[PDB]
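Heads up, work13.txt below (compact mmCIF, C-alpha atoms):
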```
# COMPACT_ATOMS: atom_id res chain seq x y z
CA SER I 2 16.03 14.89 -12.09
CA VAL I 3 15.15 11.20 -11.89
CA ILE I 4 11.94 11.25 -9.83
CA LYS I 5 9.74 13.73 -11.66
CA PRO I 6 7.11 16.18 -10.35
CA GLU I 7 4.59 13.68 -11.63
CA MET I 8 5.18 9.95 -11.92
CA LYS I 9 2.84 7.57 -13.71
CA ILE I 10 1.99 4.25 -12.10
CA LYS I 11 1.21 0.89 -13.66
CA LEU I 12 0.70 -2.17 -11.55
CA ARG I 13 -0.41 -5.75 -11.61
CA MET I 14 -1.56 -7.65 -8.57
CA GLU I 15 -2.09 -11.41 -8.47
CA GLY I 16 -3.27 -13.34 -5.48
CA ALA I 17 -5.63 -15.46 -3.46
CA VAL I 18 -7.87 -14.65 -0.57
CA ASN I 19 -9.47 -17.57 1.25
CA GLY I 20 -8.60 -19.58 -1.84
CA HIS I 21 -10.24 -17.23 -4.21
CA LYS I 22 -7.94 -16.21 -7.00
CA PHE I 23 -7.87 -12.77 -8.54
CA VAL I 24 -5.91 -10.40 -10.72
CA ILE I 25 -6.14 -6.63 -10.55
CA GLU I 26 -4.53 -4.07 -12.80
CA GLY I 27 -4.02 -0.39 -12.21
CA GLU I 28 -2.84 2.81 -13.77
CA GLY I 29 -2.49 6.19 -12.17
CA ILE I 30 -0.43 9.27 -11.51
CA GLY I 31 0.81 11.17 -8.51
CA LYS I 32 3.18 13.77 -7.20
CA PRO I 33 6.03 12.03 -5.42
CA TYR I 34 7.30 15.19 -3.72
CA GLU I 35 3.84 16.24 -2.49
CA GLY I 36 2.92 12.71 -1.35
CA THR I 37 -0.24 12.34 -3.39
CA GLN I 38 -1.34 9.82 -5.95
CA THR I 39 -4.48 8.43 -7.59
CA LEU I 40 -4.95 4.99 -9.11
CA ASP I 41 -7.75 3.55 -11.21
CA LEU I 42 -7.97 -0.21 -10.50
CA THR I 43 -9.70 -3.01 -12.42
CA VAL I 44 -10.52 -6.58 -11.44
CA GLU I 45 -9.23 -8.33 -14.53
CA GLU I 46 -9.69 -11.90 -13.21
CA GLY I 47 -11.78 -13.28 -10.30
CA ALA I 48 -14.87 -11.07 -10.43
CA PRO I 49 -16.99 -10.59 -8.47
CA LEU I 50 -14.56 -10.26 -5.54
CA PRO I 51 -16.37 -11.80 -2.54
CA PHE I 52 -14.06 -10.25 0.07
CA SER I 53 -13.66 -6.60 1.26
CA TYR I 54 -11.67 -4.50 -1.21
CA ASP I 55 -10.30 -2.51 1.70
CA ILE I 56 -7.85 -5.30 2.60
CA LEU I 57 -6.04 -4.76 -0.70
CA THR I 58 -5.69 -1.04 -0.90
CA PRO I 59 -2.54 -0.48 1.16
CA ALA I 60 -0.73 -3.02 -1.08
CA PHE I 61 -1.58 -0.79 -4.12
CA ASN I 65 4.73 2.83 -2.85
CA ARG I 66 6.41 5.08 -0.29
CA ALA I 67 8.08 7.06 -3.07
CA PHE I 68 4.81 9.04 -2.93
CA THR I 69 5.62 10.62 0.43
CA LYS I 70 6.52 14.24 1.19
CA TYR I 71 9.91 13.99 2.97
CA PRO I 72 11.42 16.94 4.71
CA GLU I 73 14.69 18.54 3.81
CA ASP I 74 16.91 16.63 6.30
CA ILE I 75 15.17 13.25 6.71
CA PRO I 76 16.81 11.02 4.11
CA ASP I 77 14.27 9.67 1.63
CA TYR I 78 15.13 5.95 1.23
CA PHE I 79 12.57 5.51 -1.46
CA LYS I 80 13.35 8.31 -3.80
CA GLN I 81 17.17 7.71 -3.51
CA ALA I 82 16.30 4.04 -4.51
CA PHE I 83 15.55 4.96 -8.14
CA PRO I 84 16.02 4.39 -11.01
CA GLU I 85 16.32 0.69 -10.24
CA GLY I 86 14.03 0.95 -7.21
CA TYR I 87 13.08 -1.28 -4.36
CA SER I 88 10.87 -4.02 -2.99
CA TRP I 89 8.88 -4.72 0.13
CA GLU I 90 7.49 -7.64 2.00
CA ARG I 91 4.61 -7.16 4.41
CA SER I 92 2.50 -9.07 6.86
CA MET I 93 -0.90 -7.97 8.00
CA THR I 94 -2.29 -9.74 11.06
CA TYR I 95 -5.94 -9.13 11.85
CA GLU I 96 -7.52 -9.30 15.26
CA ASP I 97 -9.81 -12.20 14.41
CA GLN I 98 -6.98 -14.28 12.84
CA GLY I 99 -7.23 -13.71 9.05
CA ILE I 100 -3.66 -13.17 7.83
CA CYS I 101 -2.36 -11.52 4.71
CA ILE I 102 1.15 -11.50 3.37
CA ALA I 103 2.12 -9.34 0.41
CA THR I 104 5.09 -8.41 -1.71
CA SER I 105 5.70 -5.72 -4.27
CA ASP I 106 8.65 -5.31 -6.62
CA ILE I 107 8.85 -1.70 -7.73
CA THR I 108 10.76 -0.58 -10.79
CA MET I 109 10.95 2.48 -12.96
CA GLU I 110 11.03 2.98 -16.67
CA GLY I 111 10.79 6.44 -18.17
CA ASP I 112 8.22 8.61 -16.40
CA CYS I 113 6.43 5.61 -14.82
CA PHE I 114 6.66 3.29 -11.80
CA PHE I 115 5.82 -0.37 -12.31
CA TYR I 116 4.71 -2.69 -9.51
CA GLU I 117 4.62 -6.50 -9.50
CA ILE I 118 2.40 -7.40 -6.52
CA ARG I 119 1.67 -10.75 -4.84
CA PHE I 120 -1.16 -10.74 -2.27
CA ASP I 121 -2.24 -13.81 -0.32
CA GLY I 122 -4.81 -13.97 2.49
CA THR I 123 -6.32 -16.76 4.55
CA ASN I 124 -8.11 -17.90 7.63
CA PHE I 125 -10.63 -15.04 7.29
CA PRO I 126 -13.90 -16.27 8.88
CA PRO I 127 -16.48 -16.84 6.21
CA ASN I 128 -18.82 -14.75 8.47
CA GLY I 129 -16.53 -11.85 9.64
CA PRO I 130 -16.29 -8.28 8.30
CA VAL I 131 -13.78 -9.00 5.53
CA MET I 132 -15.66 -11.93 4.05
CA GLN I 133 -18.97 -10.16 4.81
CA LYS I 134 -17.84 -6.78 3.27
CA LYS I 135 -18.78 -4.79 6.36
CA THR I 136 -15.73 -2.52 6.22
CA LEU I 137 -15.95 1.18 5.47
CA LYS I 138 -12.42 2.60 5.24
CA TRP I 139 -9.06 2.68 7.03
CA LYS I 140 -8.41 4.90 10.00
CA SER I 141 -5.37 7.21 9.45
CA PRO I 142 -2.72 6.48 12.13
CA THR I 143 0.95 7.42 11.89
CA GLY I 144 3.27 4.50 11.26
CA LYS I 145 6.85 4.04 12.31
CA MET I 146 9.90 3.83 10.08
CA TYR I 147 13.17 2.58 11.48
CA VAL I 148 16.26 0.69 10.32
CA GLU I 149 17.56 -1.62 13.14
CA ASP I 150 19.12 -4.18 10.73
CA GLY I 151 17.49 -6.25 8.03
CA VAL I 152 17.39 -2.64 6.79
CA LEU I 153 14.39 -0.24 6.39
CA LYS I 154 11.42 -1.45 8.34
CA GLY I 155 7.95 -0.02 8.93
CA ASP I 156 5.24 -0.74 11.49
CA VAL I 157 1.66 0.41 11.63
CA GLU I 158 -1.27 -0.36 13.88
CA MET I 159 -4.09 -0.23 11.38
CA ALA I 160 -7.84 -0.45 11.78
CA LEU I 161 -10.83 -0.67 9.52
CA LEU I 162 -14.02 1.10 10.54
CA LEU I 163 -17.06 -1.16 10.33
CA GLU I 164 -20.70 -0.83 9.45
CA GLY I 165 -22.58 -0.14 12.65
CA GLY I 166 -19.87 1.89 14.35
CA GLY I 167 -17.17 -0.56 15.34
CA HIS I 168 -13.60 -1.06 14.33
CA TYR I 169 -11.43 -3.98 13.24
CA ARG I 170 -7.67 -3.93 13.95
CA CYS I 171 -4.70 -5.08 11.92
CA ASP I 172 -1.04 -5.03 12.78
CA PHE I 173 1.15 -4.15 9.78
CA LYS I 174 4.87 -4.94 9.51
CA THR I 175 6.97 -4.16 6.43
CA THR I 176 10.72 -4.57 5.61
CA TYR I 177 12.09 -2.65 2.63
CA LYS I 178 15.13 -3.57 0.66
CA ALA I 179 16.52 -1.01 -1.86
CA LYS I 180 18.29 -2.54 -4.94
CA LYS I 181 21.38 -0.42 -4.37
CA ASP I 182 23.09 1.06 -1.31
CA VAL I 183 21.37 4.36 -0.33
CA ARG I 184 21.53 6.80 2.62
CA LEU I 185 19.48 5.47 5.42
CA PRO I 186 17.23 7.69 7.54
CA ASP I 187 17.07 7.92 11.29
CA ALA I 188 13.86 6.65 12.84
CA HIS I 189 10.85 8.72 11.88
CA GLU I 190 7.13 8.69 11.26
CA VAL I 191 4.87 8.75 8.31
CA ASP I 192 1.31 10.07 8.29
CA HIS I 193 -1.06 8.97 5.66
CA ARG I 194 -4.65 8.65 4.59
CA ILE I 195 -5.91 6.29 1.96
CA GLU I 196 -9.40 6.39 0.57
CA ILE I 197 -11.58 4.96 -2.15
CA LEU I 198 -12.93 7.98 -3.99
CA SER I 199 -15.25 6.07 -6.34
CA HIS I 200 -16.12 2.48 -7.27
CA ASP I 201 -18.78 0.34 -8.99
CA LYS I 202 -21.01 -2.27 -7.42
CA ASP I 203 -18.69 -5.12 -6.57
CA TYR I 204 -15.62 -2.91 -6.89
CA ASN I 205 -14.62 -4.28 -10.29
CA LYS I 206 -13.61 -0.65 -10.93
CA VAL I 207 -12.05 1.41 -8.11
CA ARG I 208 -10.45 4.85 -7.83
CA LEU I 209 -8.03 5.09 -4.94
CA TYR I 210 -6.17 8.04 -3.36
CA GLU I 211 -3.43 8.37 -0.80
CA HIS I 212 -1.80 11.37 0.78
CA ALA I 213 1.39 10.69 2.79
CA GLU I 214 3.99 12.80 4.58
CA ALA I 215 7.00 12.01 6.80
CA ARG I 216 7.49 13.76 10.16
CA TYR I 217 10.44 13.69 12.45
```
Represent the structure contained in this file as structure tokens.
Amino acid sequence: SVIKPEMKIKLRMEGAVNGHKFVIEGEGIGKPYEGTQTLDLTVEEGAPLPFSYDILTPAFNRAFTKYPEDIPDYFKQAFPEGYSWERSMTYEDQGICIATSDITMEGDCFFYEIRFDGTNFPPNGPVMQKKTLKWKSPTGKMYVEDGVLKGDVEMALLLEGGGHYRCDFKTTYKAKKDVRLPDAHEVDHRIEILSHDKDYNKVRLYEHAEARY
């Protein structure tokens, strides 16, 4: 036992979107082996957020993924000292976000230190107009090539009025120690805001994730 049936989460995210600074804190709990988790998030600085909250949610830990019994689990074998990631998110209209998270453990809890920066979002597009509804749920790729563990995902936000808005995600993952690396595989997942207040100062956020050969 080092990753428990349930693992608390505490995080802190600091960043700037189109110049607009913010800080968000979270606390939650999930089931690393069943690939489920729930966070309650608070906008501690920078309220009211004037951009879509949806662009932040995938930056709020692949340790919460159900991995089968012969795909090596990079993330869980990364603890106790843990791992980091660096990710770029390139939208179709030309807003870019870059994010980093340093993930550690202490007792029954994961801790994340998150930097999130975004720019070149059009002041009149769906992010800066809050016309996004939720993320579609595609399967992303995991593969090691070199650098080491890398992940890609073609993402899309559904929009008010019926449309969609695409984002290309790329992540490289670094573990703090040497760990058994997996063969190439996939990861299904679905993230959703279960509840929130008016400008999303308070948000409850759920993901369910599983790996697949």
Pull the closest atom pair for each residue of segment 20-96 of chain I that gets at most 10 Å from segment 200-207 of chain I, along with the distance in Å to one decimal, counting all atoms listed in the file, ordering rows by chain and then ascending residue number, as JSON lines.
```
{"residue": "I:25", "atom": "CA", "partner": "I:205", "partner_atom": "CA", "distance": 8.8}
{"residue": "I:26", "atom": "CA", "partner": "I:206", "partner_atom": "CA", "distance": 9.9}
{"residue": "I:27", "atom": "CA", "partner": "I:207", "partner_atom": "CA", "distance": 9.2}
{"residue": "I:40", "atom": "CA", "partner": "I:207", "partner_atom": "CA", "distance": 8.0}
{"residue": "I:41", "atom": "CA", "partner": "I:207", "partner_atom": "CA", "distance": 5.7}
{"residue": "I:42", "atom": "CA", "partner": "I:207", "partner_atom": "CA", "distance": 5.0}
{"residue": "I:43", "atom": "CA", "partner": "I:206", "partner_atom": "CA", "distance": 4.8}
{"residue": "I:44", "atom": "CA", "partner": "I:205", "partner_atom": "CA", "distance": 4.8}
{"residue": "I:45", "atom": "CA", "partner": "I:205", "partner_atom": "CA", "distance": 8.0}
{"residue": "I:46", "atom": "CA", "partner": "I:205", "partner_atom": "CA", "distance": 9.5}
{"residue": "I:47", "atom": "CA", "partner": "I:205", "partner_atom": "CA", "distance": 9.4}
{"residue": "I:48", "atom": "CA", "partner": "I:205", "partner_atom": "CA", "distance": 6.8}
{"residue": "I:49", "atom": "CA", "partner": "I:203", "partner_atom": "CA", "distance": 6.0}
{"residue": "I:50", "atom": "CA", "partner": "I:203", "partner_atom": "CA", "distance": 6.7}
{"residue": "I:51", "atom": "CA", "partner": "I:203", "partner_atom": "CA", "distance": 8.1}
{"residue": "I:52", "atom": "CA", "partner": "I:203", "partner_atom": "CA", "distance": 9.6}
{"residue": "I:53", "atom": "CA", "partner": "I:204", "partner_atom": "CA", "distance": 9.2}
{"residue": "I:54", "atom": "CA", "partner": "I:204", "partner_atom": "CA", "distance": 7.1}
{"residue": "I:58", "atom": "CA", "partner": "I:207", "partner_atom": "CA", "distance": 9.9}
```
>> Every residue with an atom at most 9 Å from (0.4, -9.9, -10.1) (file coordinates; only C-alpha atoms) is what I'm after, so could you write them as a ChimeraX atom specification?
In response: /I:12-16,23-26,105,116-120
> Which residues, written as a ChimeraX atom specification, have at least one atom at most 8 Å from residue 164 of chain I, with all atoms listed in the file counted and residues fewer than 4 positions away on the same chain left out?
Replying inline: /I:135-137
Dump as a PDB file, in the coordinates of the input, selection limited to C-alpha atoms:
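The new file selection_30.pdb reads:
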```pdb
ATOM      1  CA  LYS I 135     -18.780  -4.790   6.360  1.00  0.00           C
ATOM      2  CA  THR I 136     -15.730  -2.520   6.220  1.00  0.00           C
ATOM      3  CA  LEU I 137     -15.950   1.180   5.470  1.00  0.00           C
TER       4      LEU I 137
END
```
>> Calculated over all atoms listed in the file, which of the candidates I:132, I:5, I:187, I:71 has the smallest distance to residue 21 of chain I?
In response: I:132
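Shortest atom-to-atom contact with residue 19 of chain I among I:6, I:86, I:33, I:127: I:127, counting all atoms listed in the file.
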> Quick one, how far is atom CA of residue 36 of chain I from atom CA of residue 209 of chain I?
Replying inline: 13.8 Å
> Could you state the separation of atom CA of residue 161 of chain I and atom CA of residue 142 of chain I in Å, given to one decimal place?
Replying inline: 11.1 Å
> Between atom CA of residue 173 of chain I and atom CA of residue 83 of chain I, what is the spacing in Å?
Replying inline: 24.7 Å
Take segment 102-114 of chain I, bring it up to N, CA, C and O atoms, and give me the output as an mmCIF file, in the coordinates of the input.
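So part11.cif came out as:
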```cif
data_model
loop_
_atom_site.group_PDB
_atom_site.id
_atom_site.type_symbol
_atom_site.label_atom_id
_atom_site.label_comp_id
_atom_site.auth_asym_id
_atom_site.auth_seq_id
_atom_site.Cartn_x
_atom_site.Cartn_y
_atom_site.Cartn_z
ATOM 1 N N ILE I 102 -0.265 -11.739 3.606
ATOM 2 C CA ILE I 102 1.150 -11.500 3.370
ATOM 3 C C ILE I 102 1.236 -10.970 1.942
ATOM 4 O O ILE I 102 0.551 -11.455 1.044
ATOM 5 N N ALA I 103 2.043 -9.937 1.722
ATOM 6 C CA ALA I 103 2.120 -9.340 0.410
ATOM 7 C C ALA I 103 3.534 -8.915 0.073
ATOM 8 O O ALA I 103 4.365 -8.670 0.954
ATOM 9 N N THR I 104 3.781 -8.836 -1.222
ATOM 10 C CA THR I 104 5.090 -8.410 -1.710
ATOM 11 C C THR I 104 4.856 -7.537 -2.913
ATOM 12 O O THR I 104 3.911 -7.743 -3.655
ATOM 13 N N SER I 105 5.730 -6.554 -3.096
ATOM 14 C CA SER I 105 5.700 -5.720 -4.270
ATOM 15 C C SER I 105 7.113 -5.467 -4.725
ATOM 16 O O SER I 105 7.971 -5.144 -3.907
ATOM 17 N N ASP I 106 7.362 -5.677 -6.013
ATOM 18 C CA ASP I 106 8.650 -5.310 -6.620
ATOM 19 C C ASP I 106 8.411 -4.088 -7.471
ATOM 20 O O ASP I 106 7.632 -4.142 -8.427
ATOM 21 N N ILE I 107 9.096 -2.992 -7.131
ATOM 22 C CA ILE I 107 8.850 -1.700 -7.730
ATOM 23 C C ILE I 107 10.050 -1.264 -8.570
ATOM 24 O O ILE I 107 11.198 -1.245 -8.107
ATOM 25 N N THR I 108 9.759 -0.983 -9.830
ATOM 26 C CA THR I 108 10.760 -0.580 -10.790
ATOM 27 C C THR I 108 10.303 0.710 -11.451
ATOM 28 O O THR I 108 9.209 1.233 -11.197
ATOM 29 N N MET I 109 11.184 1.230 -12.294
ATOM 30 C CA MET I 109 10.950 2.480 -12.960
ATOM 31 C C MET I 109 11.239 2.192 -14.403
ATOM 32 O O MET I 109 12.029 1.303 -14.716
ATOM 33 N N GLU I 110 10.597 2.939 -15.287
ATOM 34 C CA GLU I 110 11.030 2.980 -16.670
ATOM 35 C C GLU I 110 10.423 4.232 -17.268
ATOM 36 O O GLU I 110 9.204 4.397 -17.259
ATOM 37 N N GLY I 111 11.271 5.136 -17.752
ATOM 38 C CA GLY I 111 10.790 6.440 -18.170
ATOM 39 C C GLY I 111 10.039 7.084 -17.018
ATOM 40 O O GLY I 111 10.390 6.896 -15.847
ATOM 41 N N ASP I 112 8.973 7.799 -17.356
ATOM 42 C CA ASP I 112 8.220 8.610 -16.400
ATOM 43 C C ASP I 112 7.272 7.829 -15.483
ATOM 44 O O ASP I 112 6.436 8.440 -14.813
ATOM 45 N N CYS I 113 7.431 6.504 -15.418
ATOM 46 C CA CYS I 113 6.430 5.610 -14.820
ATOM 47 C C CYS I 113 7.027 4.612 -13.804
ATOM 48 O O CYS I 113 8.115 4.073 -14.006
ATOM 49 N N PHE I 114 6.315 4.379 -12.704
ATOM 50 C CA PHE I 114 6.660 3.290 -11.800
ATOM 51 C C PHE I 114 5.874 2.065 -12.219
ATOM 52 O O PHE I 114 4.705 2.172 -12.644
#
```
